[PDB]
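Undergrad: this one's sequence-less:
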DNA sequence: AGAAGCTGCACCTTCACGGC
């Protein structure tokens, strides 16, 4: 309602980005590209599209990217030993990767 | 209680393709975890036959030559990669970036066991050297001293094998053999000290170590601030993401008899001293510290200062 | 039943980097005071000899570009004008424990794999494999571009027993061709030494030194370094050579691929020549990958047909399987 | 059947950096220990000879045209005052196997390219190409500015077999012109030997010496180094001559340019003489690039008509295409 | 006339400048 025009603007932005770099003259692909990527079947296909995990500290993909392993979202516990530190964890909050 | 009674000195080993990548934040010299794992593999392959333990190891790095290049116009450096063969159909495969470096490092390691009274004088060190010649150190094949103008022997010095003047004499004749090198030391009290002088009503995330790695040329009423020694960042162990799993729980492990855990790197501060200001060569050795139901799979050089 | 999900094999037959010195022929006896060839940077001026992309361009700027010169700066390694012989020297460690997997999940798969390689080394030991490795050490195949214009080449191999030499071999590397694998006496002695170093008994250290008669002042080729050239002017120079201890040398993997190219058993016209031993056997020169898994001759299908379905391959293909085991790799599902 | 995306061709006819020594004429036979020409860095006082810019067009700062000795720092190479002969010496390998690329992607394109080069070399061998190469070795075209005022130029070509000569040619380089390829018995023998080296039927390394009477204490011209450094002054030399081990020398790519000028076939006015063989055949000193892509006579369109579409060009364009393959380089999509 | 594995194709997606 108040946010419907925001997601319609994003859907139309993706639609125009798809229609711009088509280099099209024939075969009429814009009818299907305006049937799928414009109406609210795009949200049905977006909920159909899976793969995300929203990681924090565990991306297995830098290690030889053709590797279908496990990725974690669990920031570690604070080390009790005084001295060394890591994980960007005691301040200055961090963004979450997604794989 | 981990105190050595001897110090087997392995001479200046040359390593042709090491791991110049050390950690997701640090590159350059390999991890001290590699050297502790190399000595633990040597104890697995040699030390049980002699009923001796091998705990602790030094690093000197007589020379270092990374395989990098400067992009012609930038202030950073990129890694000289290797070429992998084609995949299945004839196509150039996706490249992974492996950092390789030529090292030349001698290492002294602390013998601990009852398998020496006076019988293995210098055949225990010959056995350890002639078995460690067929091994790799950080991913790098140890080139085992081809036909040249000179050889390079090994040494075995005992702390109880000699009186006090002979103790310092043997320490001096030991440190003459590795004097152009640079001893690597874990410095965590210095990192916590620089943190708590830095932490004056402001927090931190990881800047306590990044501020000691850099070269700030700031102004105070240009000047430049100095650091004692080469204070470098080093990967000092791991930390627990996951609770540890049973051996028959994680798919695709290395083996199905060891518990597995998912870990993150940990980061600390190291120094490259010269080994003529160590004040006890029974220090300067890298030991493990598990505390395994917490995480904290650390390696360090304790008993230093 | 099921194969190992993680299956690793370390590189046996591990060579070292092949440093290049320069000196006169028949001075190969005193070939230790020989100075090394240093890589130099030289700036060259050439033309626009690459083919153009006439997409979103105009003809005036492109033909003005091909009318205009092209300035580059490459790396080059020359022999001196007082040295018509290149001396390429490296060391080689034959480790031992060939068929042992360095990582394996299933204990039953580990036992069946160990029994399979045990039956192989029982009925047919490392004779043919070490003979092919001794050929590829004996013919100077590790001179990749440094061999094609040589008048005469000679390979001297020395076994270092404790700290000094134990056995000396001296081969003419042009009589031993690059495509045929004959049977001689000294080659069989070197192959028996390599097999003894490969049977788990010893970890044999050899030195190989190859003299090549190229010419006075000619150009030699150390192995070129790989910079991916995606960024800010990191590809303006277009040629960087490998240098260790201020001396031009060849990479370890290039010497390994050079003494590894022993496979004369692939289903596409094996009279061509031996190719490098790879899973889905690939040559980067022709841009093809022989032994695709559509045919039943790749390393993976031969492996889990040998040690899982108990059917042995042909006598020539299990040599290739054990050559991948010596070659080392990361496999598993 | 299409063009491979990576196609690399290795340099056949590989020369060396040609060193320069100086001596006296009629001592050409014992010209072995002749003292080398050194590069002397001198500082010259001059004038402003360049045309003025819009900032120096002011009436106050046209004083730079009036009093400014312009104080430059150049290099020079002179003969000794009792030595009137420049000797230039280099070596040249010719390898053979021209049409085989050292890097390819499409093996079908590689086989088609090998088929076209094979039906060329069994149709017409390397006769015209090696004849023109031997003619460019005959007249001292590698003496670039060291030939324009020389009184008599004599070249000596020695077929170094093992460490000694096997056949020696001796040519008066001024009698053989720089614009037409005539016939001679010794020239046909050298052309047949270069053709036998170009077909892989032998190992050919030649030693080329060239003497030229420039004059007593005159100025010889070695290669000038390209310095790829942009705008700076008051400390820049802007003339740096090339030298190896304090001996003035000509670049190897300069000699390779000079003995490559065999192209008398280009659709523009060919009454001038042979130019070098490049794709989009360019003389960037003259500012014009012959064989423009607006004509159908560059290397790439003729090659992709000969290999892909099986449209064989004329025999002269076939010689041009095979001369580009002998040159080497990067071709492909 | 129904099950497994292989291949082809689509879908995602561009920067801040000068040696302890």
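TA: Thanks, I have the structure now. Residues are numbered from 1 along each chain as shown, chains lettered A, B, ... in the order given.

Undergrad: was I right about residue B:59 contacting residue B:36?
TA: No: using Cβ atoms under 8 Å, residue B:59 is not in contact with residue B:36; the gap is 10.5 Å. The C-beta positions use only the backbone N, C-alpha and C, and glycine is treated the same way.

Undergrad: what's the distance between the closest residue to residue C:315 other than its chain neighbours and chain D?
TA: The shortest distance from residue C:315 to any residue other than its chain neighbours is 7.4 Å, reached at residue C:124 (Cβ to Cβ, 6 or more residues apart in numbering or on different chains). Residue C:124 sits 33 Å away from chain D when distances are taken as Cβ to the nearest Cβ, to the nearest Å.

Undergrad: Next: residue B:179.
TA: As for residue B:179, its distance to chain D is 37 Å (criterion: Cβ to the nearest Cβ).

Undergrad: and if you look at residue C:222?
TA: Residue C:222 sits 15 Å away from chain D, going by Cβ to the nearest Cβ.

Undergrad: From the centre of chain C, point out the most distant residue.
TA: Distance from the C-alpha centroid of chain C, by Cα atoms, centre = their mean, peaks at residue C:60 (47.3 Å).

Undergrad: before we move on, what SS does that residue have?
TA: Under the three-state scheme (DSSP: H, G, I helix; E, B strand; the rest coil), the conformation of residue C:60 reads as helix.

Undergrad: so what's it up against?
TA: Residues in contact with residue C:60, defined by Cβ atoms under 8 Å, 6 or more residues apart in numbering or on different chains, are absent; none qualify.

Undergrad: ok, residue B:96 to DNA strand E distance?
TA: Residue B:96 sits 19 Å away from DNA strand E, taking Cβ to the nearest atom of the strand, to the nearest Å as the criterion.

Undergrad: Can you list phi and psi of the closest residue to that residue other than its chain neighbours for me?
TA: Leaving aside its chain neighbours, residue B:96 sits nearest to residue A:64 (5.5 Å; criterion: Cβ to Cβ, 6+ apart). The main-chain torsion angles of residue A:64 are listed as degrees, to the nearest 10 and equal phi 50, psi 80.

Undergrad: ok, residue B:59 and residue B:36, which is more surrounded?
TA: Of the pair residue B:59 and residue B:36, residue B:59 is the one with more neighbours under other Cβ atoms under 10 Å in any protein chain shown, namely 26 against 20.

Undergrad: Skipping its backbone neighbours, what lies nearest the more buried one in space?
TA: Residue nearest to residue B:59 in three dimensions, not counting chain neighbours: residue B:184, with 4.2 Å by Cβ to Cβ, 6+ apart.

Undergrad: who are the neighbours in contact with the one you found?
TA: Counting by Cβ under 8 Å, 6+ apart, residue B:184 has contacts B:29, B:32, B:58-59, B:61, B:234, B:270-272, B:301.

Undergrad: Just the ones in strands from these, please.
TA: Judged by DSSP state E, the contacts of residue B:184 include B:234, B:270-272 as members of strands.

Undergrad: between these, which is closest to chain A?
TA: Using Cβ to the nearest Cβ, residue B:234 is the member of the ones in strands among the contacts of residue B:184 that lies nearest chain A, at 9.2 Å.

Undergrad: Residue B:188 is in contact with the closest one, correct?
TA: No: with contact taken as Cβ under 8 Å, residue B:234 and residue B:188 are classed as non-touching, separated by 10.4 Å.

Undergrad: In this structure residue C:170 contacts residue C:156, no?
TA: Yes: with contact defined as Cβ under 8 Å, residue C:170 counts as touching residue C:156 (5.4 Å).
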